[PDB]
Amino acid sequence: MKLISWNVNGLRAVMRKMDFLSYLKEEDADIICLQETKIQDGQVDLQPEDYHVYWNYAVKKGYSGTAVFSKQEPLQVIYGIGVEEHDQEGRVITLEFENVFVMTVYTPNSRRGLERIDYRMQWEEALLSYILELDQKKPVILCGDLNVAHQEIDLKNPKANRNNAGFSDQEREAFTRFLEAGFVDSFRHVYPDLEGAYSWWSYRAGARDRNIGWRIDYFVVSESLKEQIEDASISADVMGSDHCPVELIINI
């Protein structure tokens, strides 16, 4: 099956910049996950043919939010994790299929100067525990903007970002704990040493052209699905957001 994950930096914004409906037709993926939709109700017309669509909205307007587009209807859809403090921002959607869970996550940002790192650490613990509960039942495919560049190879300038959101020791260690719990970073499984492979760049003039980026978008799979990974990629040519889509071809 073919899966795509994309932080769109606002569904209304992405759709003003690129033909999103045409993009979905072109790629013809089985599942497409979006992060940072920044919508409520009742704000945009996104009823594409060929897809069952599931939306998770934040209580605060023009902020966060996620969506999952699926060709096949899932057995169940679960919104959030069942903890009030972690379910106010439309960040998590889990789809249950016969043999696998497919989930999307838009991880809370630690904010400038790591001022909200304490919440990010509590979020990482709560989400990992939830994912582990799913994994005890069926293998898990997680995708999304995890707001972390795991290793020094995951960003252009690691030495200028040790104390910045997305590259603190605390965020890097939380991603390590996630993999150590029995999970695989699909892109790194296919390309363990590949440098310069990024999914986000500043919008600042020249930054993307010069590839000054970070890899903060992932497809993380249960270790048992490792052998099922056909391909993992970063669609750097796709314009419309500050991030580009990430993709996974997996047999399940």
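Residue indices: 1-based, along the sequence shown.
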Inset, instruction - With reference to the PDB entry, specify whether the mean Cα temperature factor is higher for 236 to 244 or for 15 to 23. - result: 15 to 23
Legend entry - Entry-level comparison of average CA B-factors, 88 to 96 and 111 to 119, reporting the higher stretch: 111 to 119
Inset, instruction - Return the residue from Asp217, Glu36, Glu49, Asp185 that has the highest Cα B-factor in the entry. - result: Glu49
Inset, instruction - Determine, from the deposited record, the chain-internal third of the Cα B-factor for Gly65: lowest, middle or highest. - result: lowest
Legend entry - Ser199 - Cα temperature factor, lowest/middle/highest third of chain: lowest
Legend entry - Within-chain third of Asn56 by Cα B-factor, per the entry: lowest
Inset, instruction - Relative to the other modelled residues of the same chain, rank the CA B-factor of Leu75 and answer lowest, middle or highest third. - result: highest
Legend entry - Chain-relative CA temperature factor third for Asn164: middle
